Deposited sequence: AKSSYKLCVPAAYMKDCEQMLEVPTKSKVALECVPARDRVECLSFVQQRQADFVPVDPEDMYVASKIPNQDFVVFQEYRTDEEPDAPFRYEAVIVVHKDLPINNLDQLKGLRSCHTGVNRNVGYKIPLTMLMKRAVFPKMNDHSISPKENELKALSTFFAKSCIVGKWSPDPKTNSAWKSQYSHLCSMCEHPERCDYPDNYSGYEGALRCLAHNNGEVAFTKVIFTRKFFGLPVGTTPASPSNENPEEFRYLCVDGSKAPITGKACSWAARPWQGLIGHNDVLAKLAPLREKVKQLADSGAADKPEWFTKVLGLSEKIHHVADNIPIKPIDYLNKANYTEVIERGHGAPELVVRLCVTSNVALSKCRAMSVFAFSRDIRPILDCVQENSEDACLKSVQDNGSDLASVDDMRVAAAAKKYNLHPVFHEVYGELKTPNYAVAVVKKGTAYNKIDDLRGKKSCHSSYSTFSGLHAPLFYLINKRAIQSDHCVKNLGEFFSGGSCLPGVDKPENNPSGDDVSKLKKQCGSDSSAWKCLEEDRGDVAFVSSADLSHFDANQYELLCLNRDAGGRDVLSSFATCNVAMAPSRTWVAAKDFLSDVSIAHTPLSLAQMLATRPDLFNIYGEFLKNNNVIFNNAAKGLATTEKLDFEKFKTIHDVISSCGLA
């Protein structure tokens, strides 16, 4: 008989400290952990929890749960605008003398935007304008949905300022900034088209309009009012050099309205707040008093539970009780469901990820609904086969658009299904694939590969890339050993003997000769049973940084570098879990976009959706828990992986 608050598992301890905050309300709250907020909504519907903080995007996810009976019973507002129904209203701001009497006439104007993927300055304008025949269509399927929007904007407006990361892929973003440079010509620094830019953001858009001869600005009321020194909410009038009489809101009417009056606004971003199941009603006043009290006492400096558990913020923690409202009706009255459901015209593009298990299917579906609610496009669809090979076949057949493959199966999958890598996992704090490296003791006499001829080697297991593939390819490639009888010949290069676990299962007896009492590469190196250890960079924790170095077999100069420099002192880059796609359908940009937008949106917000976390007590579902990001696969890395595999297929290994 408590009010159960769902909380991302990572923040359970913070919710517990919160439960110790003294308050006048004696309401008992309990912390219910979930995998993330998306799961929390399921637990709320299922009554394992009673409420959870939500952004409007989360309410939308919540409104789609089959048979849902959610209720938004609490709004988080600002102290500046405690009585405003919406977080912020989107407005169109023009010079008073702009000849215009219809929103069709926004065409050809120089436009001032807050920045890409933002609400009043981008998503809302796109949502509303696209309803207008004069606005370019966005269903050209030779390119991605994101490119369709940018093409549409750069074709409708004469010039714009739309800064920021248009693509999560750096090279795609740069290429797009070149091809649609008109979208950056109104900015303070057009070549860069990124933050900081004095002509971007809520205020910079009005400066773009007032000071850089822009002709329309998409922004929000509060920055429009303050730009002109006008009062807003609790904020009083301010001295301003800008004169509001020279400017006007442009209304959907096509009419103009004074800035000094109530703004005409085509949509608003709704406030965040709390969502709960319908049985929270009736039991509703005591909870609201409890949350209000926690909000007003965490205001002072702001413990973790303030933001991570209650979903408040420094700027947004005025708890306002509303007339309880269903989530979609909450979103509707802001015109914000339209924005959340924005598309690009039929057929809406879909990227179909192939998964190999029921749990992965369910993770892909929860990820899809989240991505969609968060304005990431293409829509993610989920397709299930019963193996990796069947997912790969399906990508070939165009039953799917992408599928993952691990370790050294990427080159095989390309030979066999004519697929190619699109993006791969990166790891560590440096967000980097693993590398196969060559570990040596400090001060030993090896600086290049021929110096190790006749010597002894330690390896990771024969079944590993770094242990077997990379040293075998590295030697064969430099012709230090013939490519007939490769494993034997490897043994003949390290003629002093080697430990390559599992080489047993031609005459390969030399390659287990040094395994001694303990075949681990770090014990084998430590005990001078080998003079170099071919291991993965992922295993370098087993080597004392003060005693061991990397042999930079990759560098022209050879030599040595520290354990942490593996990314440039190595044998080969290691294939990480990789998603592959066919040749004749979605572009690599269209395929990479949604997963890399997820990875980058969720890198700091695993509480919203735990993309790399445990999923129903299963690890490494879709992504490995160790993944720290996603990057597009360079063609040259692809091509190198194919050559390595070709050498290994030659050896019959």
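Q) Can you list the gaps, numbered from 1 on the deposited sequence, where no C-alpha is modelled? A) Gaps in the modelled chain, taken against the deposited sequence, lie at 1-2, 508-514, 663.
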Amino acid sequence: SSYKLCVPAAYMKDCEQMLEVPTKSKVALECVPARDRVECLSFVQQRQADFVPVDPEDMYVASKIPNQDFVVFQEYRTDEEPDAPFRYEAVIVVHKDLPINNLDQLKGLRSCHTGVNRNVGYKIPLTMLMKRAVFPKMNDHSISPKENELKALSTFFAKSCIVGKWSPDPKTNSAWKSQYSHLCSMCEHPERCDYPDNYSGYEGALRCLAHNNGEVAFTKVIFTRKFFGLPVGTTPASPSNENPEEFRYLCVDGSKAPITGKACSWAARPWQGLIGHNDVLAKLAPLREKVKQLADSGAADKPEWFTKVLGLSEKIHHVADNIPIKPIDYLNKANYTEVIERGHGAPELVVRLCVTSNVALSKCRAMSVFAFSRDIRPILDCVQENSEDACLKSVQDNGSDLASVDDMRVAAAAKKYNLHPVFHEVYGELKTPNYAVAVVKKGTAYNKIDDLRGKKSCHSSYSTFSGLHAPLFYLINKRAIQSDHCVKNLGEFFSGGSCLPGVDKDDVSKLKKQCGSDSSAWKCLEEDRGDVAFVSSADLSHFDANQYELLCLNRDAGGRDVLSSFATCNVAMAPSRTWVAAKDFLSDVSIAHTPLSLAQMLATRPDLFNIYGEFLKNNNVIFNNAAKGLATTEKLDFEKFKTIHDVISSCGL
From here on, numbers count along this sequence of modelled residues.
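Q: Compare the mean C-alpha B-factor of 95-103 with that of 218-226 as given in the PDB entry, and name the stretch with the higher value.
A: Higher of the two, by average CA B-factor, is 95-103.
(Q) Going by the mean C-alpha B-factor recorded in the entry, which is higher: 121-129 or 322-330? (A) Comparing 121-129 with 322-330, the higher average CA B-factor belongs to 322-330.
(Q) Take the CA temperature factors straight from the PDB entry and tell me which of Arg453, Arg87, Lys137, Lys290 peaks. (A) Max CA B-factor in the entry, restricted to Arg453, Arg87, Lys137, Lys290: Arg453.
Q) Based on the PDB record, which member of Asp528, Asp375, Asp401, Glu81 exhibits the highest Cα temperature factor? A) Each of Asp528, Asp375, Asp401, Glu81 was compared by C-alpha B-factor; the highest is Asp528.
Q | Ranked C-alpha temperature factor of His485 among modelled chain residues, by third | A | It falls in the top third of the chain.
Q. Lowest, middle or highest third: where is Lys505 by C-alpha B factor in its chain?
A. For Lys505, the deposited C-alpha B-factor lands in the highest third.
Q: Tell me, lowest, middle or highest third: where does the Cα B factor of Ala626 rank within its chain?
A: As the PDB entry reports it, the C-alpha B-factor of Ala626 lands in the middle third of its chain.
Q) Should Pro53 be placed in the lowest, middle or highest third of its chain by the C-alpha B factor in the entry? A) Lowest third - that is where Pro53 ends up once the chain's C-alpha B-factors are sorted.
Q) Once the chain's modelled residues are ordered by C-alpha B factor and cut into thirds, is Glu20 in the lowest, middle or highest one? A) Its C-alpha B-factor, which the entry lists for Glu20, ranks in the highest third among residues of this chain.
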